[PDB]
Protein chains: 4
Amino acid sequence: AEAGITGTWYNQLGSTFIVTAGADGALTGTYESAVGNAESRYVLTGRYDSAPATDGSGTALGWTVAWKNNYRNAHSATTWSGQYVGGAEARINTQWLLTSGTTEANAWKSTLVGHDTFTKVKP
Amino acid sequence: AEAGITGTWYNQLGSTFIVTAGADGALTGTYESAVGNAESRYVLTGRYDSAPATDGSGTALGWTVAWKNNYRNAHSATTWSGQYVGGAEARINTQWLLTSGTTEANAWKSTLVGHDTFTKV
Amino acid sequence: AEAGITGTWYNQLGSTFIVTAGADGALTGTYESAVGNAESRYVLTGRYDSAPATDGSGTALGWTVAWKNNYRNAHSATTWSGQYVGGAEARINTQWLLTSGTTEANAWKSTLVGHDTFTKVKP
Amino acid sequence: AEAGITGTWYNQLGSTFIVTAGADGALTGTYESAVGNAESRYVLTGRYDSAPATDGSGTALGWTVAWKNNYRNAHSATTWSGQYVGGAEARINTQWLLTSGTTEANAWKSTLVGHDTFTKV
Ligand SMILES: O=C(O)CCCC[C@@H]1SC[C@@H]2NC(=O)N[C@@H]21
Ligand SMILES: O=C(O)CCCC[C@@H]1SC[C@@H]2NC(=O)N[C@@H]21
Ligand SMILES: O=C(O)CCCC[C@@H]1SC[C@@H]2NC(=O)N[C@@H]21
Ligand SMILES: O=C(O)CCCC[C@@H]1SC[C@@H]2NC(=O)N[C@@H]21
């Protein structure tokens, strides 16, 4: 649900995700990573299922962050694909892909894969 | 500059991707899939490096599509992560993650992974 | 190390992994999954770095299980790629790919991706 | 039966894969990579469906290579998961995970993902 997704979330690495879920299925906010070639906040944009199933299923969503802001440019972008599970302890479970720009030759080693779990902070 | 990312692209499955790249890094557009539980167009939003390195490297980017529109709701979302290479034959080489909303018990098989290559041909 | 890897391991889904690490970098054993179209034990084969780095790095390894035994055939195979971290609480952290045989047409949806963490049981 | 998996295959990077498939599902052989921190041949072991479905589907399989041999030790291992399709032009279509041994702090960037297509050409 939008209200459930909107808020401040943190993951196991200590990164911060601030997001607003719009009525049209949109997600906008900023992301701050605790690791990597990144500093300060970066803009994020994404989409989510604004009409999930009426059962105990998670709400599918995803977002992207290109790691360029006014202070650094890492020449990379990460996309997180996962689901939102609301409740007393709401979590967003994801798997992500991080692609770095490379020459054709090194293209075989351009993408990392991992997974992150986010916990919502009260409010 | 010289990022002919804006345009209509097609992938090996015959899906169509129409995007606009903004000077500061935004990507907006619509996606139409030739396969799956989808029909007509869906809204996409992403980001790209608006200042790629000045060496022979590609431009990293990514975008998301939540598979809900006025015709169907597949309760899933796909994110594509990859890089753009321009020139005579410009291509966008990606790897994607498709997550469906499941119950806890089926969370272990909620995500598919694949790769798509787009061209303007 | 071989001695450290050899043993019985379980993951968060309740699946069992019994393995022997050979001096030549080989892994052989059986796997029993708590979920899926599987029943009883399946043979597994893999390899590991028999000469890791002398630091606090994990030992890279991977193994495969084709889901066919004398009782079922799911027409699929899973490969786990990860690292072994030994110590008092040794763990094997992995990411896996599960490919199902399909017709060319449905090949775009043939592979699932996930991650599993294994805990070693005493002995 | 009719699984011409045994043989010498090559992928788009020019790497060579020589494998033998056993009647009960084992795969054994050697791998030589044209890229990376590797040189000469490495041992591979895997498994495949020795009884694939009798419809027009491919044969699922997978194999592992730990990148250590008498010449180099890259402290990494790659696993390829995919399916074999035979016929005039037989191919093995895969997705792979390459994990390097890291310290805890760098565990978040320990794994690369990619895709390789093999042919006997
Ligand atoms: O190093 C880079 O190229 C940019 C920073 C990447 C940080 C990654 S994105 C996935 C993972 N989750 C995080 O919170 N941070 C890392
Ligand atoms: O079935 C669904 O859940 C919605 C359609 C999914 C279509 C996928 S997304 C990745 C791949 N690339 C495409 O162009 N279409 C498929
Ligand atoms: O359903 C199938 O095709 C065969 C069983 C798959 C079980 C998978 S493999 C990865 C994950 N980890 C487990 O312990 N079980 C599931
Ligand atoms: O650099 C290393 O760690 C060892 C060599 C890795 C080579 C990889 S494995 C996947 C891809 N396919 C190949 O044929 N080679 C690269």
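This section reports on the structure supplied with the text. (Residues numbered from 1 in each chain as written, not as in the entry; some residues may be left out. Chains lettered and ligands numbered in written order. Heavy atoms only, no water.)

### Observations concerning the overall build of chain B
Regarding its fold elements, chain B presents zero helices and eight strands. What you see in chain B, going N to C, is helices and strands ordered as β-β-β-β-β-β-β-β. Expected size for 121 residues packed as a compact globule is a radius of gyration near 14 Å; at 15 Å, chain B falls within 12% of this value. With the principal axes as the frame, chain B shows a C-alpha extent of 45 × 25 × 25 Å. Among the 121 residues that make up chain B, the fraction classed as buried is 48%. Sequence separation of 24 or more characterises 37% of the internal contacts of chain B that already satisfy a separation of 6 or more. Of the roughly 5100 Å² that chain B leaves accessible, carbon and sulfur atoms contribute 51%. If the 7 positive side-chain charges of chain B are averaged to one point and the 9 negative ones to another, these points end up 10 Å apart. (Helix = DSSP H or I, 4+ residues; strand = E, 2+ residues; numbered from the N terminus. Rg over C-alpha atoms; globule rule 2.2 N^0.38 Å. Buried < 20%, exposed > 50% of the residue type's maximum accessible area, 1.4 Å probe, protein only. Contact = heavy atoms within 4.5 Å. Areas by Shrake-Rupley, 256 points an atom, 1.4 Å probe, with all protein chains shown as cover. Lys, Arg positive; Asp, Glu negative; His and termini not counted. Charge placed at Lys NZ, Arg CZ, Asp CG, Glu CD.)

### Observations concerning the interface of chain C and chain B
One widely used convention gives an interface's size as the accessible area the parts lose upon coming together. The interface is formed by eleven residues belonging to chain C together with eleven residues belonging to chain B. Here chain C and chain B share an interface that buries about 1000 Å² over both sides, 79% of which is from carbon and sulfur atoms. For the chain C face of the interface with chain B, the top three residues by lost area are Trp 108, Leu 112 and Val 113 of chain C, together amounting to 58%. Inspection of the region where chain C meets chain B yields zero salt bridges. For the pair chain C and chain B, the number of links is two residue pairs in polar contact. Listed by contribution, the elements that provide at least two residues to the side of chain C that touches chain B are β7 (91-100) and β8 (111-120) of chain C. Partitioned by chemical class, the residues of the side of chain C that touches chain B number eight nonpolar, two polar and one charged. (Buried area = accessible area lost by both parts, 1.4 Å probe. Salt bridge = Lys/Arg side-chain N within 4 Å of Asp/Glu carboxyl O. Polar contact = N/O pair within 3.5 Å; in protein donor to acceptor, adjacent residues only side chain to side chain. Nonpolar A, V, L, I, M, F, W, Y, C, P; charged D, E, K, R; others polar.)

### Observations concerning the interface of chain A and chain B
At the interface, 41 residues of chain A touch 42 residues of chain B. Between chain A and chain B, the buried area comes to about 3000 Å², and carbon and sulfur atoms account for 58% of it. Broken down by secondary-structure element, the contributors of at least two residues to the side of chain A that touches chain B are β4 (42-48), β5 (59-68), β6 (73-85) and β7 (91-100) of chain A. Taken together, the residues that form the side of chain A that touches chain B break down as 15 nonpolar, 23 polar and three charged.

### Things to note about the site of ligand 3
In the neighbourhood of ligand 3, 16 residues make up the surrounding shell, with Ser 15, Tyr 31, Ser 33, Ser 76 and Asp 116 of chain C lying closest. In this structure, ligand 3 is bordered by residues of chains B and C. Separating an oxygen atom of ligand 3 from a backbone N or O atom of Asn 37 of chain C is a distance of 3.0 Å. At 2.9 Å, a side-chain N or O of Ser 76 of chain C approaches an oxygen atom of ligand 3. Alone, ligand 3 offers 410 Å² of accessible surface; in the complex the protein occludes 95% of this. In terms of residue count, the dominant contributor to the shell around ligand 3 is strand β6 (residues 73-85) of chain C (four residues). Of the residues assigned to the shell around ligand 3, the class counts are eight nonpolar, seven polar and one charged. (Near = heavy atom within 4 Å.)

### A few points about the site of ligand 4
Close to ligand 4 lie 18 residues, the nearest being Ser 15, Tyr 31, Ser 33, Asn 37 and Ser 76 of chain D. This site is not confined to one chain, since residues near ligand 4 come from chains A and D. For ligand 4, an oxygen atom lies 3.0 Å from a polar atom in the side chain of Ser 76 of chain D. Considered on its own, ligand 4 offers 420 Å² of accessible surface; in the complex 95% of this is hidden by protein. Looking at the shell around ligand 4 element by element, the count peaks at four residues for strand β6 (residues 73-85) of chain D. Tallied by class, the residues present in the shell around ligand 4 amount to ten nonpolar, seven polar and one charged.

### Some details on the pattern of salt bridges
Overall, the coordinates contain six salt bridges over all chains when judged by the stated rule. Of the charged contacts, one joins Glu 39 of chain A and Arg 72 of chain A as a salt bridge, the two residues approaching to 3.1 Å between their closest N and O atoms. Of this pair, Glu 39 of chain A sits in the loop between β3 (26-32) and β4 while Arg 72 of chain A sits in the loop between β5 and β6, placing them 33 residues apart in sequence. For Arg 72 of chain A, a relative accessible area of 29% gives the class partly exposed. Here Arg 72 of chain B and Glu 39 of chain B are joined by a salt bridge, their closest N and O atoms 3.1 Å apart. Of this pair, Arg 72 of chain B sits in the loop between β5 (59-68) and β6 (73-85) while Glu 39 of chain B is found in the loop between β3 (26-32) and β4 (42-48), placing the two residues 33 residues apart along the sequence.

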